[PDB]
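The chain below stands alone and is given in structure tokens; this is the form deposited in one PDB entry.
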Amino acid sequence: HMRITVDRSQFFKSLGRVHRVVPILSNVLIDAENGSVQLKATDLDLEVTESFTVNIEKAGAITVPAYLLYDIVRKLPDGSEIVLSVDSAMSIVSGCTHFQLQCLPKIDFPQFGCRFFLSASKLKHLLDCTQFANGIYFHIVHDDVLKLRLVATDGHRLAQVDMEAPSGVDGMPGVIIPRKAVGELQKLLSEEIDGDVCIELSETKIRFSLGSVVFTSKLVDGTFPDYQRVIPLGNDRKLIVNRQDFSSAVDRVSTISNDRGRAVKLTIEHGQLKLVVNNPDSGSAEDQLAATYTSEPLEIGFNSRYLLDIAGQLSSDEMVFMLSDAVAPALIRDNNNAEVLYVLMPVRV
């Protein structure tokens, strides 16, 4: 048998962590042993586990559907006490509400060279800097000062972010993290308070331990083509604008093409910036802001949403552009931090 008694709210919280991530694959395992209960589920490519300490009346395990169970505890009265028992039929009891679910036994349920730690907030920032740009490149750069670097690119468009690497990294290889795994991790980092994250990397998998939670993912098969090939080296013209004034301005003019005319034209003059979106079926838009520009006037266009993601992820009051012509990729960075760097393909305007 198996029998445990849990606080409803503490159990509902513990359950939303595994909520997001084949009859056995829609279920979730509950293992009760040694004064702590561990919830666990997997999609073969990922695995999330959350454990909370509770007094356990009898030890055992069962595999039960996941979304249904989340929905039951959602409706169970707050702060109530739930009793979970077996006698492939699991019983739930909260007051006179007595459920009985169809289950599956645990038996049907499925070396780390590197190990170091990083704050959860610092971790999520690096992913948010790259998530909006296959996978993200996880490697170290040997620059006298080790820099842990993430790189995401799409042919020529690219996003790269660097940070001072912590102890235990030396010797870590270069691995590719699935985009599926990144999203589930930033969801996991959004739903917890800041803390320490233990990153352990094996031959095939990488694991993130955040206290109660442990997330695990397979890795991508392949090699990354030295992304430095797509980054421009000598972009002569330098342009500076207020980041918040710029985001808002880009936000306004792109409304006259909610559709495929997401392109916006940047007319660049000395210390001035005119923005131009046109739509033959909708009309024209215009805005102007003050810029720090002393190069040859340029007219170049970009995608509206790809800008607001980059600007959404930059942090200084000022935005920096390293440009060439209307056809060459731009280089976008902050004015105070060379931690992150972006490369954006121009579009025809």
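If you superpose the two forms and keep the largest set of C-alpha atoms that fall within 1.5 Å, you have the rigid core. One-based numbering along the sequence shown.
Trainee: Check the residues of the deposited sequence separating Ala133 from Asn134 and report how many of them have no coordinates, as none, 1 to 3, 4 to 9, or 10 or more.
Mentor: Unmodelled stretch: 10 or more residues.
Trainee: Between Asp236 and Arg237, how many residues of the deposited sequence have no coordinates in this entry: none, 1 to 3, 4 to 9, or 10 or more?
Mentor: Unmodelled stretch: none, continuous chain.
Trainee: Do the CA atoms of 124 to 132 or those of 252 to 260 have the higher mean B-factor in the entry?
Mentor: For C-alpha atoms only, the mean B-factor is higher in 252 to 260.
Trainee: Highest mean C-alpha temperature factor of the two stretches 38 to 46 and 297 to 305, which is it?
Mentor: Looking at the recorded C-alpha B-factors, 38 to 46 comes out higher on average.
Trainee: When you compare the CA B-factors of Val241, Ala181, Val86, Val73 as listed in the entry, which one comes out on top?
Mentor: Answer for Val241, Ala181, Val86, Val73: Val86, with the highest C-alpha B-factor.
Trainee: Select one of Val213, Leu189, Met172, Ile82: the residue whose C-alpha shows the highest B-factor in the crystal structure entry.
Mentor: In this record, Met172 carries the highest C-alpha B-factor of the candidates.
Trainee: Grab the CA temperature factor for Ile332 from the record and place it in the lowest, middle or highest third of its chain.
Mentor: It falls in the middle third of the chain.
Trainee: By its CA B factor, does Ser209 count among the lowest, middle or highest third of the modelled residues in the chain?
Mentor: Middle third, going by the recorded CA B-factors of the chain.
Trainee: When the modelled residues of the chain are sorted by Cα temperature factor, does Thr63 land in the lowest, middle or highest third?
Mentor: Highest third, going by the recorded CA B-factors of the chain.
Trainee: Quick check for you: using the entry's CA B-factors within this chain, is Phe138 in the lowest, middle or highest third?
Mentor: As the PDB entry reports it, the C-alpha B-factor of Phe138 lands in the middle third of its chain.
Trainee: Which third of the chain holds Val349 when residues are ordered by C-alpha B factor: lowest, middle or highest?
Mentor: Answer is highest: the recorded C-alpha B-factor places it there.
What comes next is about the form deposited with a partner chain bound, which does not appear here.
Trainee: With its partner chain left out of view, which of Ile240, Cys114, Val141, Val230 would have a heavy atom within 4.5 Å of it in the bound PDB entry?
Mentor: Looking at the other structure, the residue within range turns out to be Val230.
Trainee: Among the candidate residues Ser85, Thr216, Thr153, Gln131, which is the single one with a non-hydrogen atom no more than 4.5 Å from its partner chain in the bound PDB entry?
Mentor: Exactly one residue meets the criterion: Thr153.
Trainee: Given its partner chain in the bound PDB entry, answer whether the residues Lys124, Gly183 and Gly312 all have a heavy atom inside 4.5 Å of it.
Mentor: Answer is no for this spot.
Trainee: Using a 4.5 Å heavy atom cut-off, indicate which stretch of 202 to 210, 141 to 149, 169 to 177, 220 to 228 touches its partner chain in the bound PDB entry.
Mentor: Result for this chain: 220 to 228.
Trainee: Look up in the bound PDB entry whether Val6 has a non-hydrogen atom within 4.5 angstroms of its partner chain, and give yes or no.
Mentor: Looking in the bound PDB entry, residue contacts with its partner chain do not include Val6, since no heavy atom lies within 4.5 Å.
Trainee: State yes or no: in the bound PDB entry, is some non-hydrogen atom of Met2 no more than 4.5 angstroms from a non-hydrogen atom of its partner chain?
Mentor: Output for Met2 is no: heavy atoms all beyond 4.5 Å of its partner chain.
Trainee: Is there a non-hydrogen atom of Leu158 within 4.5 angstroms of a non-hydrogen atom of its partner chain in the bound PDB entry?
Mentor: Judged by the heavy-atom cut-off of 4.5 Å, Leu158 is in contact with its partner chain in the bound PDB entry.
Trainee: Do you see a C-alpha shift of 2 Å or more at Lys205 between the shown form and the other one, with the core held fixed?
Mentor: Moves: no, less than 2 Å.
Trainee: Given a core-based superposition, decide whether the C-alpha of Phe215 shifts by 2 Å or more between the shown form and the other one.
Mentor: Superposed on the core, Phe215 moves its C-alpha less than 2 Å between the shown form and the other one.
Trainee: Return yes or no for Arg149: a CA shift of at least 2 Å between the shown form and the other one, with the rigid core superposed?
Mentor: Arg149: C-alpha displaced by less than 2 Å between the shown form and the other one.
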